[PDB]
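A.B. asks: Please read through the structure below; I'll follow up with questions.
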Amino acid sequence: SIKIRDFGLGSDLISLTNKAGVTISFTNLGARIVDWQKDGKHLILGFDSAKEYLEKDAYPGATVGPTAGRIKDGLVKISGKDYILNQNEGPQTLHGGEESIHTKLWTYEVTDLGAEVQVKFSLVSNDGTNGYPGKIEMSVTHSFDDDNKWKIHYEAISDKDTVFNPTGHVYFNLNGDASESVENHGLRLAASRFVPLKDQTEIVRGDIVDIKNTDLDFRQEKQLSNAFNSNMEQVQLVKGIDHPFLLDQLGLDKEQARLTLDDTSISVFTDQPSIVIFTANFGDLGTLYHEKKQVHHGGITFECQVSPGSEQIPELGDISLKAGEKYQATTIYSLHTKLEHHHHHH
Amino acid sequence: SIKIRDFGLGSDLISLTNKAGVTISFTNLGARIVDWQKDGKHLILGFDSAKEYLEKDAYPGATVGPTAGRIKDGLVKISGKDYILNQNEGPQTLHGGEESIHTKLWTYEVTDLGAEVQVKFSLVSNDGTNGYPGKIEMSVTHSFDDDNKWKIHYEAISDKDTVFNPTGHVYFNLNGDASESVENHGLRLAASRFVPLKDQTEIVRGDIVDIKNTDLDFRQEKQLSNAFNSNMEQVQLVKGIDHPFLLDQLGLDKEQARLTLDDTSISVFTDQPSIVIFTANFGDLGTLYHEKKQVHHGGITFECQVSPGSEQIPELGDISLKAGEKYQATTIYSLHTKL
Ligand SMILES: C[C@H]1O[C@H](O)[C@H](O)[C@@H](O)[C@H]1O
Ligand SMILES: C[C@H]1O[C@H](O)[C@H](O)[C@@H](O)[C@H]1O
Ligand code: NA
């Protein structure tokens, strides 16, 4: 079943329920996921109206770009030319600049396929918007099926050589309450290396470090508290995790990550090379989610994309997009029950 | 009463009916007027869904900008510096460039004041969008009241010196049917001069011309067919009217123009210095409105703004917007029915 209603300020809320009774909902403001529930419990963080996003925090669950992450000094090199993008975090360009795509109302069309329902959102980034050559015709399709898979498919074409590396910014919290830390969740992540940050500004340090056998090694499932309690420099720097992890094996076919709490697991699949994980290191900010004050570590993202810092570490990849060339990315979050035995106490 | 409904592609249709039973409707797609009707008759041109505007013609009823009109070679000088804007009509920048603000979904808020209802649309034009310095935070408030007055109030603030001169692009047709020419309407217009066009590219010619006592003099009510059957080179050039008229007296209290058909009249009020009038000179294009094929001259606009061409004829005015300055503009369309 598909239901639509106004969500505030002119945005709409699109709610889908699959054959299993799982419901998930999106909004065209930022081509964003708003909620995902199983048996009455929220699996992610979200607000109850469009205004909350604009007033409290506009990133949760949004589509961010054109480039996700921080670009040191807003500087990119496109076809031998240097371009300076909007700088909204000190001299850095963070998540595409100020008032980026996550803040716009995208147009959308819903396609009902029976076992799968697709919500395709569209937006055009005009040439020069925030410094980015364009125009860029973008589209994000969010779909949910009877197998409990929520898939995100990105597509884009530019009139000019530009850069493109968007991501989905959902925050999960299997406690179903923002005021509860995700330290009690188990995390499995197929990555042997990470990208350290230079300092508090969060630009990349310049090197790639192996994390096997450290507190950031999650190849084998472990509680998130292990990282949070860590005194490793990088953890202390950000007060949790806020880094890109380099996937060891690429391919949409492999389970790159798995987040579990009791009988519920979320599996992550993607065709991208890294996953930036940020664990809501907000301290005492206490943003209210459904009237609950969010706690430090009250959520975790899995931003699949090309790792930020490629400007400094070419080995990370190349996010350039040639004129006329079609960009595509696919990321999938799948819900499972009793995938494994996870019985712990904090 | 207020009624909000889905208009397609995620856009909304907001309809307002006043004490008089008159209905006016808008959509957030392009902060635009979609319909305006009395006793079941359409007063303006409009489509039935968002899709139509995108596939047929995105201008009707829209808020166009940041700069309305044509800019020669897409070139503007800002703080002594040359800036090239998006060129979407040959080398000109027309109505702000491609995929401009008329094609975007604006956010909005409705405010019910009882005798008056306001719909405030907002949008941010990022710095650099289509070549324009910014960011520009814009708001367009469309309001309707029990006196049958449809008002448009614009406001904007820019982070950087830029240019700004938007307009409302509603097309009127008192016939209530696009397949019928507006040649039968009578027009009055308080303007003694106009801005001639250079040629078919529609860029300005360079001069300002007195129209007193010509086929374009409407200081005294006259029927459109007059102008339409004129042999004035400028009329022949565009096959109708597609020109900026300079208002003789500025100020919002003065009725600047009046469009009449029988018992029904539309008065125009504005704080802008000029009115661009375009008589839907589409030839055989035949765009479909409500299933009716549009005819050449099947509509007329009253685009109030600073006249286009100021880049070549400074006397016309200056559309610059300095950083931090608040831009404001107001245009009113008032409906009257003779009893
Ligand atoms: C909003 C968040 O988005 C990402 O996860 C960044 O890496 C974090 O530092 C923060 O900017
Ligand atoms: C869409 C129309 O908008 C204005 O009225 C212009 O002057 C006309 O030439 C046409 O471009
Ligand atoms: Na809606």
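For the structure tokens, the naming scheme is as follows: chains receive sequential letters (A, B, ...) according to their order of presentation, residues are indexed from 1 within each chain, and ligands are indexed from 1 in presentation order.
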Can you tell me, as a PDB file with N, CA, C and O atoms, in the first residue's frame, what residues are no more than 12 Å from residue B:202 when counting only C-alpha atoms, ignoring any on the same chain fewer than 4 positions away?

C.D. replies:
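Dumped everything to result-v6.pdb:
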```
ATOM      1  N   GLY B  69      13.008  38.856 -18.678  1.00  0.00           N
ATOM      2  CA  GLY B  69      13.320  39.440 -19.960  1.00  0.00           C
ATOM      3  C   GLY B  69      14.610  38.949 -20.561  1.00  0.00           C
ATOM      4  O   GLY B  69      15.222  38.007 -20.078  1.00  0.00           O
ATOM      5  N   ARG B  70      15.008  39.615 -21.642  1.00  0.00           N
ATOM      6  CA  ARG B  70      16.215  39.262 -22.337  1.00  0.00           C
ATOM      7  C   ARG B  70      17.384  40.149 -22.008  1.00  0.00           C
ATOM      8  O   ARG B  70      17.248  41.383 -22.004  1.00  0.00           O
ATOM      9  N   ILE B  71      18.528  39.477 -21.772  1.00  0.00           N
ATOM     10  CA  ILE B  71      19.795  40.170 -21.505  1.00  0.00           C
ATOM     11  C   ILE B  71      20.753  39.865 -22.666  1.00  0.00           C
ATOM     12  O   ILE B  71      21.127  38.694 -22.843  1.00  0.00           O
ATOM     13  N   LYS B  72      21.113  40.916 -23.445  1.00  0.00           N
ATOM     14  CA  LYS B  72      21.997  40.782 -24.581  1.00  0.00           C
ATOM     15  C   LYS B  72      23.269  40.007 -24.283  1.00  0.00           C
ATOM     16  O   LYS B  72      24.010  40.319 -23.394  1.00  0.00           O
ATOM     17  N   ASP B  73      23.550  38.974 -25.053  1.00  0.00           N
ATOM     18  CA  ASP B  73      24.747  38.186 -24.852  1.00  0.00           C
ATOM     19  C   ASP B  73      24.910  37.565 -23.468  1.00  0.00           C
ATOM     20  O   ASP B  73      26.002  37.103 -23.146  1.00  0.00           O
ATOM     21  N   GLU B  89      18.687  31.347 -25.147  1.00  0.00           N
ATOM     22  CA  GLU B  89      17.933  31.778 -26.312  1.00  0.00           C
ATOM     23  C   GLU B  89      18.987  32.377 -27.186  1.00  0.00           C
ATOM     24  O   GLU B  89      19.221  33.591 -27.162  1.00  0.00           O
ATOM     25  N   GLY B  90      19.672  31.505 -27.925  1.00  0.00           N
ATOM     26  CA  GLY B  90      20.764  32.033 -28.713  1.00  0.00           C
ATOM     27  C   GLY B  90      21.763  32.523 -27.647  1.00  0.00           C
ATOM     28  O   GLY B  90      21.938  31.910 -26.601  1.00  0.00           O
ATOM     29  N   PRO B  91      22.417  33.633 -27.854  1.00  0.00           N
ATOM     30  CA  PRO B  91      23.363  34.132 -26.878  1.00  0.00           C
ATOM     31  C   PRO B  91      22.691  34.937 -25.793  1.00  0.00           C
ATOM     32  O   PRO B  91      23.358  35.525 -24.953  1.00  0.00           O
ATOM     33  N   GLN B  92      21.374  35.010 -25.800  1.00  0.00           N
ATOM     34  CA  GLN B  92      20.786  35.814 -24.765  1.00  0.00           C
ATOM     35  C   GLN B  92      20.421  34.976 -23.588  1.00  0.00           C
ATOM     36  O   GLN B  92      20.138  33.792 -23.673  1.00  0.00           O
ATOM     37  N   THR B  93      20.320  35.659 -22.480  1.00  0.00           N
ATOM     38  CA  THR B  93      19.832  35.028 -21.272  1.00  0.00           C
ATOM     39  C   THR B  93      18.366  35.517 -21.201  1.00  0.00           C
ATOM     40  O   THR B  93      18.123  36.724 -20.996  1.00  0.00           O
ATOM     41  N   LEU B  94      17.391  34.622 -21.353  1.00  0.00           N
ATOM     42  CA  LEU B  94      15.965  34.969 -21.326  1.00  0.00           C
ATOM     43  C   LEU B  94      15.339  34.442 -20.051  1.00  0.00           C
ATOM     44  O   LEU B  94      15.481  33.279 -19.753  1.00  0.00           O
ATOM     45  N   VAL B 195       9.940  50.992 -25.678  1.00  0.00           N
ATOM     46  CA  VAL B 195      11.280  50.549 -25.998  1.00  0.00           C
ATOM     47  C   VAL B 195      11.238  49.657 -27.193  1.00  0.00           C
ATOM     48  O   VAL B 195      10.805  48.531 -27.092  1.00  0.00           O
ATOM     49  N   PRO B 196      11.698  50.158 -28.326  1.00  0.00           N
ATOM     50  CA  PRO B 196      11.691  49.372 -29.542  1.00  0.00           C
ATOM     51  C   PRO B 196      12.709  48.243 -29.530  1.00  0.00           C
ATOM     52  O   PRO B 196      13.743  48.293 -28.876  1.00  0.00           O
ATOM     53  N   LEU B 197      12.417  47.193 -30.289  1.00  0.00           N
ATOM     54  CA  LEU B 197      13.301  46.066 -30.349  1.00  0.00           C
ATOM     55  C   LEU B 197      14.215  46.166 -31.568  1.00  0.00           C
ATOM     56  O   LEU B 197      13.859  46.755 -32.581  1.00  0.00           O
ATOM     57  N   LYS B 198      15.405  45.594 -31.505  1.00  0.00           N
ATOM     58  CA  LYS B 198      16.326  45.694 -32.619  1.00  0.00           C
ATOM     59  C   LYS B 198      15.913  44.910 -33.853  1.00  0.00           C
ATOM     60  O   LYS B 198      15.945  45.393 -34.984  1.00  0.00           O
ATOM     61  N   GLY B 206      17.978  50.210 -28.685  1.00  0.00           N
ATOM     62  CA  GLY B 206      18.933  51.199 -28.192  1.00  0.00           C
ATOM     63  C   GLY B 206      18.330  52.519 -27.762  1.00  0.00           C
ATOM     64  O   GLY B 206      18.904  53.270 -26.959  1.00  0.00           O
ATOM     65  N   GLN B 234       7.385  48.198 -35.793  1.00  0.00           N
ATOM     66  CA  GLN B 234       7.600  47.442 -34.562  1.00  0.00           C
ATOM     67  C   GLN B 234       6.539  46.366 -34.353  1.00  0.00           C
ATOM     68  O   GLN B 234       6.853  45.310 -33.791  1.00  0.00           O
ATOM     69  N   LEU B 237       7.096  43.657 -36.827  1.00  0.00           N
ATOM     70  CA  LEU B 237       8.279  42.892 -36.460  1.00  0.00           C
ATOM     71  C   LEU B 237       7.995  41.638 -35.620  1.00  0.00           C
ATOM     72  O   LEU B 237       8.515  40.521 -35.846  1.00  0.00           O
ATOM     73  N   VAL B 238       7.141  41.822 -34.627  1.00  0.00           N
ATOM     74  CA  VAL B 238       6.816  40.708 -33.741  1.00  0.00           C
ATOM     75  C   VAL B 238       5.476  40.076 -34.004  1.00  0.00           C
ATOM     76  O   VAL B 238       5.180  39.051 -33.382  1.00  0.00           O
ATOM     77  N   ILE B 241       2.333  42.670 -30.153  1.00  0.00           N
ATOM     78  CA  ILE B 241       3.071  43.531 -29.242  1.00  0.00           C
ATOM     79  C   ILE B 241       3.953  42.605 -28.389  1.00  0.00           C
ATOM     80  O   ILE B 241       3.509  41.512 -28.026  1.00  0.00           O
ATOM     81  N   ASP B 242       5.194  43.026 -28.119  1.00  0.00           N
ATOM     82  CA  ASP B 242       6.160  42.290 -27.304  1.00  0.00           C
ATOM     83  C   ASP B 242       7.166  43.337 -26.942  1.00  0.00           C
ATOM     84  O   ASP B 242       8.272  43.334 -27.424  1.00  0.00           O
ATOM     85  N   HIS B 243       6.705  44.273 -26.083  1.00  0.00           N
ATOM     86  CA  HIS B 243       7.496  45.423 -25.766  1.00  0.00           C
ATOM     87  C   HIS B 243       7.261  46.001 -24.403  1.00  0.00           C
ATOM     88  O   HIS B 243       6.155  45.926 -23.854  1.00  0.00           O
ATOM     89  N   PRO B 244       8.335  46.649 -23.922  1.00  0.00           N
ATOM     90  CA  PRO B 244       8.298  47.346 -22.645  1.00  0.00           C
ATOM     91  C   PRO B 244       7.694  48.747 -22.850  1.00  0.00           C
ATOM     92  O   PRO B 244       8.082  49.497 -23.746  1.00  0.00           O
ATOM     93  N   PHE B 278       3.054  41.384 -23.864  1.00  0.00           N
ATOM     94  CA  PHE B 278       3.280  40.394 -24.916  1.00  0.00           C
ATOM     95  C   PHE B 278       1.932  39.773 -25.238  1.00  0.00           C
ATOM     96  O   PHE B 278       1.233  39.275 -24.342  1.00  0.00           O
ATOM     97  N   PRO B 308      13.464  45.652 -19.657  1.00  0.00           N
ATOM     98  CA  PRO B 308      14.661  44.954 -20.089  1.00  0.00           C
ATOM     99  C   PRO B 308      15.483  45.931 -20.938  1.00  0.00           C
ATOM    100  O   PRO B 308      14.952  46.913 -21.421  1.00  0.00           O
ATOM    101  N   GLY B 309      16.757  45.661 -21.120  1.00  0.00           N
ATOM    102  CA  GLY B 309      17.620  46.477 -21.944  1.00  0.00           C
ATOM    103  C   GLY B 309      18.411  47.527 -21.219  1.00  0.00           C
ATOM    104  O   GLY B 309      19.108  48.277 -21.869  1.00  0.00           O
TER     105      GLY B 309
END
```

A.B. asks: Residues of chain A within 10 Å of chain B, using only C-alpha atoms, as a VMD selection string?

C.D. replies: chain A and resid 4 to 6 8 to 13 27 to 29 85 to 86 97 to 100 103 to 110 121 to 135

A.B. asks: Residues within 12 Å of residue A:284, please, as a list in words. Count only C-alpha atoms; anything in the same chain fewer than 5 positions from it doesn't count.

C.D. replies: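 Within the cut-off, the hits are residues 179, 293, 294, 295, 296, 297 and 298 of chain A.
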
A.B. asks: Taking only C-alpha atoms and all ligand atoms into account, list the residues no farther than 7 Å from ligand 1, as a compact mmCIF listing (two decimals) with N, CA and C atoms, in the first residue's frame.

C.D. replies:
```txt
# COMPACT_ATOMS: atom_id res chain seq x y z
N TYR A 59 20.25 17.10 7.85
CA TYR A 59 20.91 15.96 7.21
C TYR A 59 20.30 14.60 7.37
N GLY A 69 30.69 14.78 1.94
CA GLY A 69 31.89 14.85 2.74
C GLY A 69 32.54 16.19 2.63
N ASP A 242 33.98 8.87 12.92
CA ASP A 242 33.58 9.83 11.92
C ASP A 242 34.58 9.67 10.79
N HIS A 243 34.62 8.48 10.21
CA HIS A 243 35.64 8.23 9.24
C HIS A 243 35.24 7.36 8.15
N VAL A 276 31.56 5.81 5.01
CA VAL A 276 31.91 6.80 6.04
C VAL A 276 30.97 6.47 7.16
N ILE A 277 31.51 6.26 8.36
CA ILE A 277 30.65 5.95 9.49
C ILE A 277 30.75 7.09 10.47
N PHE A 278 29.60 7.66 10.87
CA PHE A 278 29.63 8.79 11.84
C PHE A 278 28.67 8.36 12.90
N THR A 301 25.59 6.30 10.99
CA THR A 301 25.33 6.36 9.55
C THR A 301 26.20 5.31 8.87
```

A.B. asks: Run DSSP on the backbone and give me the residues of stretch 10-242 of chain B it puts in strand (DSSP E or B), as an MDAnalysis selection string.

C.D. replies: chainID B and resid 11:17 23:27 29 32:38 41:42 44 63:64 67 70:71 75:78 81:84 89 91:94 105 107:112 116:125 136:145 149:158 162:163 165 167:168 171:172 186:189 191:194 197 204 209:210 222:223 242

A.B. asks: Applying 12 Å and only C-alpha atoms, which residues near residue B:144 remain after dropping the ones on its own chain fewer than 3 positions away? List them as JSON, numbers by chain.

C.D. replies: {"B": [1, 2, 14, 15, 16, 17, 18, 19, 20, 21, 22, 23, 24, 25, 26, 33, 36, 110, 111, 112, 113, 114, 115, 116, 117, 118, 119, 120, 141, 147, 148, 149, 150, 151, 152, 153, 332, 333, 334, 335]}

A.B. asks: Could you save those same residues with N, CA and C atoms as a CSV table (one decimal), in the first residue's frame?

C.D. replies:
```csv
chain,number,residue,atom,x,y,z
B,1,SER,N,-12.8,30.2,1.6
B,1,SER,CA,-12.3,28.9,1.9
B,1,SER,C,-10.9,28.6,1.2
B,2,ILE,N,-10.2,27.6,1.8
B,2,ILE,CA,-8.9,27.2,1.3
B,2,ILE,C,-8.9,25.7,1.0
B,14,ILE,N,-3.0,25.2,-4.5
B,14,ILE,CA,-3.6,25.9,-3.4
B,14,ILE,C,-4.8,26.8,-4.0
B,15,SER,N,-6.0,26.5,-3.7
B,15,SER,CA,-7.1,27.3,-4.2
B,15,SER,C,-7.8,28.1,-3.1
B,16,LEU,N,-8.1,29.3,-3.4
B,16,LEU,CA,-8.7,30.3,-2.5
B,16,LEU,C,-9.9,30.8,-3.1
B,17,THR,N,-11.0,30.8,-2.4
B,17,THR,CA,-12.3,31.3,-2.7
B,17,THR,C,-12.7,32.3,-1.7
B,18,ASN,N,-13.0,33.6,-2.2
B,18,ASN,CA,-13.3,34.6,-1.2
B,18,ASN,C,-14.8,34.7,-0.9
B,19,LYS,N,-15.1,35.7,-0.2
B,19,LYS,CA,-16.5,35.9,0.2
B,19,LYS,C,-17.4,36.0,-1.1
B,20,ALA,N,-16.8,36.6,-2.1
B,20,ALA,CA,-17.6,36.8,-3.4
B,20,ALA,C,-17.7,35.6,-4.2
B,21,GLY,N,-17.1,34.5,-3.9
B,21,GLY,CA,-17.3,33.3,-4.7
B,21,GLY,C,-16.3,33.3,-5.8
B,22,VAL,N,-15.3,34.2,-5.8
B,22,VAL,CA,-14.3,34.2,-6.8
B,22,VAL,C,-13.2,33.2,-6.4
B,23,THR,N,-12.8,32.4,-7.4
B,23,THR,CA,-11.7,31.4,-7.1
B,23,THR,C,-10.4,31.7,-7.8
B,24,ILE,N,-9.3,31.7,-7.1
B,24,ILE,CA,-7.9,31.9,-7.6
B,24,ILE,C,-7.1,30.7,-7.1
B,25,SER,N,-6.3,30.2,-8.0
B,25,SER,CA,-5.4,29.0,-7.6
B,25,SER,C,-4.0,29.2,-8.0
B,26,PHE,N,-3.1,28.7,-7.1
B,26,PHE,CA,-1.6,28.7,-7.3
B,26,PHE,C,-1.0,27.4,-7.1
B,33,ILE,N,0.5,31.4,-10.6
B,33,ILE,CA,-0.9,31.4,-10.7
B,33,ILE,C,-1.4,30.4,-11.7
B,36,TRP,N,-7.9,31.5,-12.4
B,36,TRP,CA,-8.6,32.6,-11.8
B,36,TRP,C,-10.0,32.6,-12.4
B,110,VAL,N,0.8,29.0,4.1
B,110,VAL,CA,-0.4,29.8,3.9
B,110,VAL,C,-0.8,30.5,5.2
B,111,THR,N,-1.3,31.7,5.0
B,111,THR,CA,-1.7,32.5,6.2
B,111,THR,C,-3.1,33.1,6.0
B,112,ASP,N,-4.1,32.6,6.8
B,112,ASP,CA,-5.5,33.0,6.6
B,112,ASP,C,-5.8,34.2,7.5
B,113,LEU,N,-6.1,35.3,6.8
B,113,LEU,CA,-6.4,36.5,7.6
B,113,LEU,C,-7.9,36.9,7.5
B,114,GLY,N,-8.7,35.9,7.0
B,114,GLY,CA,-10.1,36.2,7.0
B,114,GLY,C,-10.5,36.9,5.7
B,115,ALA,N,-10.4,38.2,5.7
B,115,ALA,CA,-10.8,38.9,4.5
B,115,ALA,C,-9.8,38.7,3.4
B,116,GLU,N,-8.6,38.4,3.8
B,116,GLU,CA,-7.4,38.1,3.0
B,116,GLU,C,-6.6,36.8,3.4
B,117,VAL,N,-6.2,36.2,2.3
B,117,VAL,CA,-5.4,35.0,2.6
B,117,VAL,C,-4.1,35.1,1.8
B,118,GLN,N,-3.0,34.8,2.4
B,118,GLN,CA,-1.7,34.9,1.8
B,118,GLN,C,-1.0,33.6,1.7
B,119,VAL,N,-0.3,33.4,0.6
B,119,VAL,CA,0.4,32.2,0.3
B,119,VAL,C,1.9,32.7,0.1
B,120,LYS,N,2.8,32.4,1.0
B,120,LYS,CA,4.2,32.9,0.9
B,120,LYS,C,5.1,31.7,0.4
B,141,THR,N,5.0,36.5,-2.3
B,141,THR,CA,3.7,36.3,-1.6
B,141,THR,C,2.5,36.6,-2.5
B,147,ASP,N,-12.0,41.8,-1.8
B,147,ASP,CA,-12.3,42.8,-2.7
B,147,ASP,C,-11.9,42.4,-4.1
B,148,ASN,N,-11.6,41.2,-4.3
B,148,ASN,CA,-11.1,40.7,-5.6
B,148,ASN,C,-9.8,41.2,-6.0
B,149,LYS,N,-8.9,41.6,-5.0
B,149,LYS,CA,-7.6,42.0,-5.4
B,149,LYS,C,-6.6,40.9,-5.2
B,150,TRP,N,-5.8,40.6,-6.3
B,150,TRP,CA,-4.8,39.7,-6.3
B,150,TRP,C,-3.5,40.4,-6.3
B,151,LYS,N,-2.7,40.3,-5.2
B,151,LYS,CA,-1.5,41.0,-5.0
B,151,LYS,C,-0.3,40.1,-4.9
B,152,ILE,N,0.8,40.6,-5.5
B,152,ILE,CA,2.1,39.9,-5.5
B,152,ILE,C,3.1,40.8,-4.9
B,153,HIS,N,3.7,40.3,-3.9
B,153,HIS,CA,4.7,41.0,-3.2
B,153,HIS,C,6.0,40.2,-3.2
B,332,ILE,N,-0.3,44.6,-8.3
B,332,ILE,CA,-1.7,44.2,-8.0
B,332,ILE,C,-2.6,44.1,-9.2
B,333,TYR,N,-3.3,43.0,-9.3
B,333,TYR,CA,-4.3,42.8,-10.3
B,333,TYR,C,-5.6,42.8,-9.7
B,334,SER,N,-6.4,43.8,-10.0
B,334,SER,CA,-7.8,43.9,-9.4
B,334,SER,C,-8.9,43.7,-10.4
B,335,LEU,N,-9.8,42.8,-10.0
B,335,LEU,CA,-10.9,42.3,-10.8
B,335,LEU,C,-12.2,43.1,-10.5
```

A.B. asks: Using DSSP on the backbone coordinates, identify all residues within stretch 10-246 of chain B classified as helix (DSSP H, G or I); present the result as a PyMOL selection string.

C.D. replies: chain B and resi 50-55+72-74+101-103+129-131+182-184+224-228+233-238

A.B. asks: Enter the distance from atom CA of residue B:262 to atom CA of residue B:179, in Å, rounded to one decimal.

C.D. replies: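 The value is 18.3 Å.
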
A.B. asks: Using only C-alpha atoms, which residues sit within 8 Å of stretch 199-211 of chain A once same-chain residues fewer than 6 positions away are excluded, as a list in words?

C.D. replies: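 Contacts, with the query itself left out: residues 70, 71, 72, 192, 193, 217, 237, 238, 308, 309, 312 and 313 of chain A.
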
A.B. asks: Just want the 12 Å neighbourhood of residue B:303, counted on only C-alpha atoms, with same-chain residues fewer than 3 positions away dropped. Output as an MDAnalysis selection string.

C.D. replies: chainID B and resid 59:65 67:69 95 152 165:172 242:246 257 268:270 272:279 300 306:308 330:333

A.B. asks: Skipping near chain neighbours, those fewer than 3 positions away, what residues fall within 7 Å of stretch 315-324 of chain B using only C-alpha atoms, listed as a ChimeraX atom specification?

C.D. replies: /B:157-165,306-307,310
